[PDB]
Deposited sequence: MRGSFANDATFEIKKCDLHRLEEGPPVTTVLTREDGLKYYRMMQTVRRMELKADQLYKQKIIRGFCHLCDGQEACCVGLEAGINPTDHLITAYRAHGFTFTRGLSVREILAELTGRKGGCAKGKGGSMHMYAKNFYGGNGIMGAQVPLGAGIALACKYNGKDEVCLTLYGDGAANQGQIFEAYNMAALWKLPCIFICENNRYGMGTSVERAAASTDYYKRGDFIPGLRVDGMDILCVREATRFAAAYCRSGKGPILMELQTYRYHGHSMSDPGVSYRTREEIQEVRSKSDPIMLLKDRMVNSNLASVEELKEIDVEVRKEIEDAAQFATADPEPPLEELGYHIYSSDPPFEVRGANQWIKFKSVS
């Protein structure tokens, strides 16, 4: 019946590329941060499991890429940056939308295409935006030059902000990424290129693909190992040394495909759970109490996303241009006219 305020942990050593010294191999996790990181990861988990359920029920249409098993990435990266920093990723943005501040109600309602969604039902799974969160992007590789441009604006405004620009390993051969490498290093943009490797390409050492840009390969199932590398990479960009490449090694949960041998040994929520209990940062009963609250909050949000009505037909043409006067757009024929409002 006594709780330690903090505890020191040994973190995995990152593989380096064109770097003499890397992130520290020890870090301090406080009890408050541990409980915060745990609740955030368990929320992302139960949110993706609920989305998977709605997708099977065909309530969600089109695309629905889930990030379960990568909770240490979106939560670990957020713990290593500021809310005034910038982040952009591809089509698997459900976790990042929640970690960057949007509610589970907004995310699920958008997935179900309802008026209560964060994009008013206009975007769906792949196009969710938030403050300093430049969303998911459906065209692979396209978000990498976009993030480099956000980093250009970070340097342009000179407020020592950075941009995290994520892409999966399947997008790592998009030519525009190599064009973005050269410009980011040429202009020393505060851009952290993050390759989300899930475990096609002649080289699988994605942290070395920037050639002239230094890189570090990180274990993405350890949230503390991701947090320390993010703090290292963010400080690197804030010093004016230019861009940096960061490979997060993770695994997705979505017979031979038994692969309980990833949940049992490497699940990011279970790893943070075991670390906090052995170091007396929290009790098993405490973390079960958090699971119950989170599951109730997701079912309450899923209930909202299911009962919430569709967007009104009168708003089909809304928000085509910004800061423009109202006009009409043509429908299925010349007699169908939708009003368009900024």
property: Deposited-sequence stretches lacking C-alpha coordinates, listed in sequence order; result: 1 to 2, 202 to 210, 266 to 277
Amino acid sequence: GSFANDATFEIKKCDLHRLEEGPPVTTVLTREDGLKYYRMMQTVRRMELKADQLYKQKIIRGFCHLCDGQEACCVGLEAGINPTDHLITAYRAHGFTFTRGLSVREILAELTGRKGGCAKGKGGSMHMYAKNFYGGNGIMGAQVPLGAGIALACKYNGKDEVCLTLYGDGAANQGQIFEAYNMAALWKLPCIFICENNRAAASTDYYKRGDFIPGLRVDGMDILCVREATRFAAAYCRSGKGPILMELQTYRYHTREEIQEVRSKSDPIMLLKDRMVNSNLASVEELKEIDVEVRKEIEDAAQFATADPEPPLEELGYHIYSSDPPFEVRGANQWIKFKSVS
From here on, numbers count along this sequence of modelled residues.
item: 259 to 267 versus 157 to 165 - greater average Cα B-factor per the deposited record; value: 259 to 267
item: 209 to 217 versus 90 to 98 - greater average Cα B-factor per the deposited record; value: 209 to 217
item: Cα B factor band for residue 317 (lowest, middle or highest third within the chain); value: lowest
item: Assigned third (lowest, middle, highest) for the C-alpha B factor of residue 253; value: highest
item: CA B-factor placement of residue 202, once the chain's modelled residues are sorted into thirds; value: highest
item: Residue 17 CA temperature factor, ranked by third within the chain; value: middle
item: Modelled-residue ranking by C-alpha temperature factor, third containing residue 300; value: highest
